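Notes for the one structure printed next.
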Amino acid sequence: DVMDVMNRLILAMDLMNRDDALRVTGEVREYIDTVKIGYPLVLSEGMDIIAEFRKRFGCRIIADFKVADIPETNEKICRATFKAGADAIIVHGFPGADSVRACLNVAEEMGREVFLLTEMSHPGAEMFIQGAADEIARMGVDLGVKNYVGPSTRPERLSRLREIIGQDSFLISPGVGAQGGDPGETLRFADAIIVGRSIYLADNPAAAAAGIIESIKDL
Amino acid sequence: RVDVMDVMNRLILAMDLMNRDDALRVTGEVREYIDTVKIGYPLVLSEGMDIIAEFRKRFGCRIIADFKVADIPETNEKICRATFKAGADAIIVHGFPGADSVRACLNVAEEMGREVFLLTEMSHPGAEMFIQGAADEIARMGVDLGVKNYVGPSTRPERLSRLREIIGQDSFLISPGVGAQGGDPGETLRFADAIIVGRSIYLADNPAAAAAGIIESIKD
Ligand SMILES: O=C1CCN([C@@H]2O[C@H](COP(=O)(O)O)[C@@H](O)[C@H]2O)C(=O)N1
Ligand SMILES: O=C1CCN([C@@H]2O[C@H](COP(=O)(O)O)[C@@H](O)[C@H]2O)C(=O)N1
Ligand SMILES: [Cl-]
């Protein structure tokens with residue numbers, strides 16, 4: 001019990017225009033109830049865009065801020081993000097145990113959630129992250145982290161993440177569509193998929209999001 | 001130094017106060033001593049990206065956005081472009097996500113005529129778990145990518161020394177961890193061109209005196 005993602009599909013709203021972002025999000029609201037908001041939108045439109053998303057859509061907000069500073073600064077960032085109304089925040093694990101714990105404390109203090117990003121989906125992730133991915137995931141377990149983010153681009157790596165974090169841990173996965181990940185094969189190990197450009201750059205975002213779901217209902 | 005964009009008194013202020021009035025007031029009190037301000041997410045997320053342009057116009061200071069950019073290439077480019085649009089002169093980027101992620105930041109910086117600082121090793125205890133073991137390689141990856149500006153830990157003088165010899169004498173190196181995190185200004189400035197200082201100054205009873213005192217110990 002962590003999050004009830006409708007149709008197991010999370011929207012990565014990375015449009016950097018408020019009117020564009022609100023419009024495309026509105027066109028897939030009937031298919032998506034959980035929206036991931038990142039720095040491209042927030043830095044272009046302000047942290048207030050989170051509250052405006054909650055008010056206009058009644059959707060759950062995951063702030064993909066990939067927090068990666070020292071513990072003290074991590075706390076300030078998490079505190080500002082939750083204050084702005086984020087339900088959960090995504091946090092890098094590579095800065096180490098004390099940096100993650102700093103976020104975990106603020107999340108508990110404010111009654112919100114932390115997602116631990118263990119391994120990234122892009123090719124450069126092989127240089128440093130992939131070799132540390134297992135130990136970061138394990139670190140998360142030792143810290144009592146219940147929420148994780150893993151690479152859709154690597155189904156075998158995503159499967160290892162699942163057996164590390166356990167069956168009752170909650171797992172979401174970006175890199176579906178644009179980066180090359182397949183929706184179905186990703187949902188074999190992950191609870192929900194994150195899809196960005198395959199929806200918000202399509203001619204019809206509604207049809208795109210519906211097309212993704214219609215190839216998933218078997219799962 | 002004139003071969004690179006240097007910093008007045010080798011002192012960079014880390015302005016991590018989270019409300020506009022205090023941030024503006026403290027920075028103004030120490031403006032006579034610095035000309036470079038590092039602005040991070042604590043201030044920006046609380047007061048908006050407009051605060052970068054405001055500081056730049058009000059104080060005539062160079063702005064380094066400590067955003068520790070650490071996403072995929074595509075998203076890195078969007079973040080850097082938005083940051084430079086906000087008027088920042090430089091942006092700090094994580095190296096751990098790999099070469100393609102750093103190159104995406106470098107492209108936007110070169111396009112818009114701004115700078116990238118590569119964060120190689122962090123200054124907190126947790127940095128020893130995964131970052132330290134990769135820091136040497138991140139540093140030489142940076143050199144190979146064309147990166148000329150770096151960030152290294154003041155809390156570990158021996159690691160900072162290793163970093164300097166990897167990047168050579170021509171690269172520009174700045175270092176946080178002085179004061180609150182226990183780093184010494186003197187030993188750090190043996191390797192770094194400039195120190196980043198936050199709480200030691202901005203939480204002091206007299207921030208101006210705090211900044212002046214640090215510069216004095218640097219001066220000799
Ligand atoms: O490893 C990671 C974590 C962050 N993300 C984030 O997930 C989102 C994916 O968007 P796309 O579906 O357009 O690839 C985007 O916001 C990106 O920054 C990754 O794609 N991979
Ligand atoms: O490794 C790092 C990079 C980020 N920084 C940043 O540098 C600043 C340090 O200021 P303090 O003097 O208050 O520790 C603060 O903004 C922090 O987030 C580090 O301290 N260490
Ligand atoms: Cl004074």
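Note on naming: chains are A, B, ... as they come in the structure tokens, residues start from 1 per chain, ligands start from 1 in the order shown.
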
Within 10 Å of residue 24 (chain B), counting only C-alpha atoms, which residues show up once you throw out same-chain ones fewer than 5 positions away? Write them as a PyMOL selection string, please. chain B and resi 15+17+19+29+51+54-55+58-59

6 Å from ligand 2 is the threshold here; counting only C-alpha atoms and all ligand atoms, which polymer residues fall inside it? Answer as a PyMOL selection string. (chain A and resi 69-70+73) or (chain B and resi 14+16+122-123+176-181+197-200)

Only C-alpha atoms, please: the residues just picked out, written as an mmCIF file, in the first residue's frame.
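Generated file (part15.cif):
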data_model
loop_
_atom_site.group_PDB
_atom_site.id
_atom_site.type_symbol
_atom_site.label_atom_id
_atom_site.label_comp_id
_atom_site.auth_asym_id
_atom_site.auth_seq_id
_atom_site.Cartn_x
_atom_site.Cartn_y
_atom_site.Cartn_z
ATOM 1 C CA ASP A 69 23.054 17.251 -2.257
ATOM 2 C CA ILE A 70 24.483 17.023 1.264
ATOM 3 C CA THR A 73 20.616 20.918 1.838
ATOM 4 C CA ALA B 14 26.590 29.985 -0.717
ATOM 5 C CA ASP B 16 20.982 29.065 1.018
ATOM 6 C CA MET B 122 31.056 15.597 -2.625
ATOM 7 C CA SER B 123 32.045 16.871 0.818
ATOM 8 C CA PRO B 176 32.540 23.755 -0.490
ATOM 9 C CA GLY B 177 32.657 22.337 3.035
ATOM 10 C CA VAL B 178 34.525 25.193 4.677
ATOM 11 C CA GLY B 179 33.286 26.097 8.148
ATOM 12 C CA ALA B 180 30.088 24.265 9.072
ATOM 13 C CA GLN B 181 31.269 21.016 7.460
ATOM 14 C CA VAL B 197 31.161 29.362 2.218
ATOM 15 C CA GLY B 198 27.566 29.268 3.439
ATOM 16 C CA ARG B 199 26.411 28.892 7.038
ATOM 17 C CA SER B 200 29.644 30.261 8.542
#

Among chain B, which residues does DSSP mark as strand (DSSP E) when it is run on the backbone? Keep the chain and numbering as in the structure and answer as a ChimeraX atom specification. /B:11-15,36-40,62-69,90-94,115-119,149-151,172-175,194-197

For ligand 1, list the contacting residues at 9 Å or closer, counting only C-alpha atoms and all ligand atoms, as a ChimeraX atom specification. /A:11-14,36-40,64-66,90,117-122,125,149-152,173-181,194-201 /B:70-76,97

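Using only C-alpha atoms, the nearest neighbour of residue 92 (chain B) within the list B:209, B:138, B:160, B:174 is B:174.
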
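Restricting the atom set to only C-alpha atoms and all ligand atoms, one finds that the residues within 10 Å of ligand 3 amount to residues 29, 30, 32, 33, 206, 207, 208, 209, 210, 211, 212 and 213 of chain B.
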
Could you please determine the separation between CA of residue 46 (chain A) and CA of residue 149 (chain B) in Å, to one decimal place?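 If I compute the distance from CA of residue 46 (chain A) to CA of residue 149 (chain B), I get 28.6 Å.
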
With a cut-off of 8 Å and counting only C-alpha atoms, select all residues of chain B in contact with chain A and give the selection as a count of residues only. 33

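Our summary of the geometry notes that CA of residue 38 (chain B) is positioned 4.6 Å from CA of residue 64 (chain B).
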
At a cut-off of 9 Å, using only C-alpha atoms, what residues contact region 203-205 of chain A? Leave out same-chain residues fewer than 6 positions from it and give the result as a list in words. residues 24, 25, 27 and 28 of chain A

Which of these residues is nearest to residue 109 (chain B), using only C-alpha atoms: B:69, B:80, B:135, B:86?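 The answer is B:80, which sits nearest to residue 109 (chain B).
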
Would you please give, as a ChimeraX atom specification, all residues of region 139-197 of chain B that DSSP assigns to helix (DSSP H, G or I) based on the backbone? /B:139-145,157-167,185-188

Saved selection, atoms kept: N, CA and C atoms, as a PDB file, in the first residue's frame:
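Done, and the output landed in result01.pdb:
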ATOM      1  N   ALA B 139      36.476  12.999 -12.823  1.00  0.00           N
ATOM      2  CA  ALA B 139      37.354  14.138 -13.068  1.00  0.00           C
ATOM      3  C   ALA B 139      38.036  14.071 -14.439  1.00  0.00           C
ATOM      4  N   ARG B 140      38.630  12.930 -14.773  1.00  0.00           N
ATOM      5  CA  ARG B 140      39.318  12.828 -16.058  1.00  0.00           C
ATOM      6  C   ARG B 140      38.338  12.703 -17.231  1.00  0.00           C
ATOM      7  N   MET B 141      37.128  12.227 -16.951  1.00  0.00           N
ATOM      8  CA  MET B 141      36.050  12.268 -17.935  1.00  0.00           C
ATOM      9  C   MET B 141      35.727  13.725 -18.251  1.00  0.00           C
ATOM     10  N   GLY B 142      35.636  14.540 -17.205  1.00  0.00           N
ATOM     11  CA  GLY B 142      35.428  15.966 -17.363  1.00  0.00           C
ATOM     12  C   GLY B 142      36.495  16.625 -18.221  1.00  0.00           C
ATOM     13  N   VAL B 143      37.762  16.354 -17.908  1.00  0.00           N
ATOM     14  CA  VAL B 143      38.873  16.903 -18.678  1.00  0.00           C
ATOM     15  C   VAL B 143      38.716  16.531 -20.146  1.00  0.00           C
ATOM     16  N   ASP B 144      38.437  15.257 -20.399  1.00  0.00           N
ATOM     17  CA  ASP B 144      38.266  14.781 -21.766  1.00  0.00           C
ATOM     18  C   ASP B 144      37.062  15.405 -22.470  1.00  0.00           C
ATOM     19  N   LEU B 145      36.015  15.729 -21.717  1.00  0.00           N
ATOM     20  CA  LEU B 145      34.821  16.350 -22.295  1.00  0.00           C
ATOM     21  C   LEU B 145      35.029  17.830 -22.620  1.00  0.00           C
ATOM     22  N   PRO B 157      41.134  17.385   2.114  1.00  0.00           N
ATOM     23  CA  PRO B 157      42.281  18.035   1.463  1.00  0.00           C
ATOM     24  C   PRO B 157      43.097  17.102   0.567  1.00  0.00           C
ATOM     25  N   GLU B 158      43.282  15.853   0.985  1.00  0.00           N
ATOM     26  CA  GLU B 158      44.075  14.911   0.201  1.00  0.00           C
ATOM     27  C   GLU B 158      43.353  14.503  -1.085  1.00  0.00           C
ATOM     28  N   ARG B 159      42.026  14.451  -1.031  1.00  0.00           N
ATOM     29  CA  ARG B 159      41.223  14.124  -2.204  1.00  0.00           C
ATOM     30  C   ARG B 159      41.164  15.314  -3.151  1.00  0.00           C
ATOM     31  N   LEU B 160      41.176  16.512  -2.576  1.00  0.00           N
ATOM     32  CA  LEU B 160      41.150  17.748  -3.345  1.00  0.00           C
ATOM     33  C   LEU B 160      42.480  17.917  -4.078  1.00  0.00           C
ATOM     34  N   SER B 161      43.556  17.496  -3.423  1.00  0.00           N
ATOM     35  CA  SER B 161      44.885  17.531  -4.010  1.00  0.00           C
ATOM     36  C   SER B 161      44.964  16.571  -5.191  1.00  0.00           C
ATOM     37  N   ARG B 162      44.372  15.393  -5.028  1.00  0.00           N
ATOM     38  CA  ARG B 162      44.323  14.419  -6.108  1.00  0.00           C
ATOM     39  C   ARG B 162      43.524  14.973  -7.284  1.00  0.00           C
ATOM     40  N   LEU B 163      42.439  15.676  -6.975  1.00  0.00           N
ATOM     41  CA  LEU B 163      41.577  16.262  -7.995  1.00  0.00           C
ATOM     42  C   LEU B 163      42.323  17.315  -8.810  1.00  0.00           C
ATOM     43  N   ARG B 164      43.030  18.200  -8.113  1.00  0.00           N
ATOM     44  CA  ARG B 164      43.826  19.237  -8.758  1.00  0.00           C
ATOM     45  C   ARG B 164      44.852  18.654  -9.732  1.00  0.00           C
ATOM     46  N   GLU B 165      45.546  17.597  -9.326  1.00  0.00           N
ATOM     47  CA  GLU B 165      46.565  17.039 -10.204  1.00  0.00           C
ATOM     48  C   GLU B 165      45.981  16.284 -11.399  1.00  0.00           C
ATOM     49  N   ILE B 166      44.729  15.851 -11.289  1.00  0.00           N
ATOM     50  CA  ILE B 166      44.052  15.242 -12.428  1.00  0.00           C
ATOM     51  C   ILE B 166      43.664  16.301 -13.458  1.00  0.00           C
ATOM     52  N   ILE B 167      43.105  17.409 -12.982  1.00  0.00           N
ATOM     53  CA  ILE B 167      42.594  18.458 -13.863  1.00  0.00           C
ATOM     54  C   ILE B 167      43.663  19.458 -14.292  1.00  0.00           C
ATOM     55  N   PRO B 185      39.856  26.894   5.447  1.00  0.00           N
ATOM     56  CA  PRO B 185      40.095  27.776   4.298  1.00  0.00           C
ATOM     57  C   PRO B 185      41.530  27.694   3.780  1.00  0.00           C
ATOM     58  N   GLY B 186      42.496  27.631   4.692  1.00  0.00           N
ATOM     59  CA  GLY B 186      43.900  27.635   4.324  1.00  0.00           C
ATOM     60  C   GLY B 186      44.338  26.424   3.524  1.00  0.00           C
ATOM     61  N   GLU B 187      44.097  25.236   4.068  1.00  0.00           N
ATOM     62  CA  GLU B 187      44.489  23.994   3.406  1.00  0.00           C
ATOM     63  C   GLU B 187      43.766  23.800   2.076  1.00  0.00           C
ATOM     64  N   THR B 188      42.498  24.197   2.039  1.00  0.00           N
ATOM     65  CA  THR B 188      41.689  24.092   0.831  1.00  0.00           C
ATOM     66  C   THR B 188      42.246  24.968  -0.291  1.00  0.00           C
TER      67      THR B 188
END

Can you tell me which residues surround residue 108 (chain B) at a distance of at most 8 Å, considering only C-alpha atoms, apart from same-chain residues fewer than 4 positions away, and format the answer as a PDB file with N, CA and C atoms, in the first residue's frame?
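Saved as around30.pdb:
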ATOM      1  N   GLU B  77      19.427  19.119 -20.720  1.00  0.00           N
ATOM      2  CA  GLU B  77      19.415  20.263 -21.630  1.00  0.00           C
ATOM      3  C   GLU B  77      18.299  21.246 -21.289  1.00  0.00           C
ATOM      4  N   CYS B  80      19.362  23.096 -17.959  1.00  0.00           N
ATOM      5  CA  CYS B  80      20.401  24.085 -18.255  1.00  0.00           C
ATOM      6  C   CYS B  80      19.876  25.295 -19.034  1.00  0.00           C
ATOM      7  N   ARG B  81      19.075  25.049 -20.067  1.00  0.00           N
ATOM      8  CA  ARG B  81      18.496  26.145 -20.842  1.00  0.00           C
ATOM      9  C   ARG B  81      17.619  27.065 -19.978  1.00  0.00           C
ATOM     10  N   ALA B 104      25.480  16.983 -22.526  1.00  0.00           N
ATOM     11  CA  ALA B 104      24.222  17.673 -22.794  1.00  0.00           C
ATOM     12  C   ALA B 104      24.208  19.053 -22.140  1.00  0.00           C
ATOM     13  N   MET B 112      24.940  29.121 -25.388  1.00  0.00           N
ATOM     14  CA  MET B 112      24.443  30.361 -24.796  1.00  0.00           C
ATOM     15  C   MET B 112      25.537  31.236 -24.189  1.00  0.00           C
TER      16      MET B 112
END

Between CA of residue 35 (chain A) and CA of residue 144 (chain A), what is the spacing in Å?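 So the two atoms, CA of residue 144 (chain A) and CA of residue 35 (chain A), lie 24.6 Å apart.
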
Do you know which residues are at most 12 Å from region 164-166 of chain A counting only C-alpha atoms, after dropping those on the same chain fewer than 4 positions away, and could you put them as a PyMOL selection string? chain A and resi 116+118+133-150+157-160+170-171+189-190

I need the residues from that last selection saved to file as a PDB file, in the first residue's frame (with C-alpha atoms), if you can.
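The result, written out as again.pdb:
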ATOM      1  CA  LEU A 116      14.693   6.117  -4.255  1.00  0.00           C
ATOM      2  CA  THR A 118      18.619   3.324  -7.841  1.00  0.00           C
ATOM      3  CA  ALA A 133      22.851   0.021  -8.562  1.00  0.00           C
ATOM      4  CA  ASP A 134      22.582  -3.170  -6.482  1.00  0.00           C
ATOM      5  CA  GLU A 135      24.310  -1.675  -3.452  1.00  0.00           C
ATOM      6  CA  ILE A 136      22.219   1.498  -3.656  1.00  0.00           C
ATOM      7  CA  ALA A 137      19.047  -0.598  -3.766  1.00  0.00           C
ATOM      8  CA  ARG A 138      20.304  -2.591  -0.776  1.00  0.00           C
ATOM      9  CA  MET A 139      21.156   0.657   1.002  1.00  0.00           C
ATOM     10  CA  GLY A 140      17.553   1.720   0.464  1.00  0.00           C
ATOM     11  CA  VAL A 141      16.334  -1.484   2.082  1.00  0.00           C
ATOM     12  CA  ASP A 142      18.606  -0.959   5.102  1.00  0.00           C
ATOM     13  CA  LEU A 143      17.189   2.561   5.350  1.00  0.00           C
ATOM     14  CA  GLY A 144      13.610   1.277   5.235  1.00  0.00           C
ATOM     15  CA  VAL A 145      12.827   2.820   1.841  1.00  0.00           C
ATOM     16  CA  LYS A 146       9.579   1.420   0.420  1.00  0.00           C
ATOM     17  CA  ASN A 147       9.509   3.290  -2.907  1.00  0.00           C
ATOM     18  CA  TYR A 148      11.922   2.807  -5.791  1.00  0.00           C
ATOM     19  CA  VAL A 149      12.632   3.929  -9.366  1.00  0.00           C
ATOM     20  CA  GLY A 150      14.298   1.636 -11.918  1.00  0.00           C
ATOM     21  CA  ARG A 157      18.356  -4.897 -14.384  1.00  0.00           C
ATOM     22  CA  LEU A 158      14.802  -3.981 -13.422  1.00  0.00           C
ATOM     23  CA  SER A 159      14.153  -7.601 -12.448  1.00  0.00           C
ATOM     24  CA  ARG A 160      17.195  -7.694 -10.166  1.00  0.00           C
ATOM     25  CA  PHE A 170       6.603  -0.116  -4.674  1.00  0.00           C
ATOM     26  CA  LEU A 171       8.449   0.233  -7.979  1.00  0.00           C
ATOM     27  CA  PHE A 189       8.556  -6.218 -12.445  1.00  0.00           C
ATOM     28  CA  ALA A 190       7.396  -2.619 -11.944  1.00  0.00           C
TER      29      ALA A 190
END
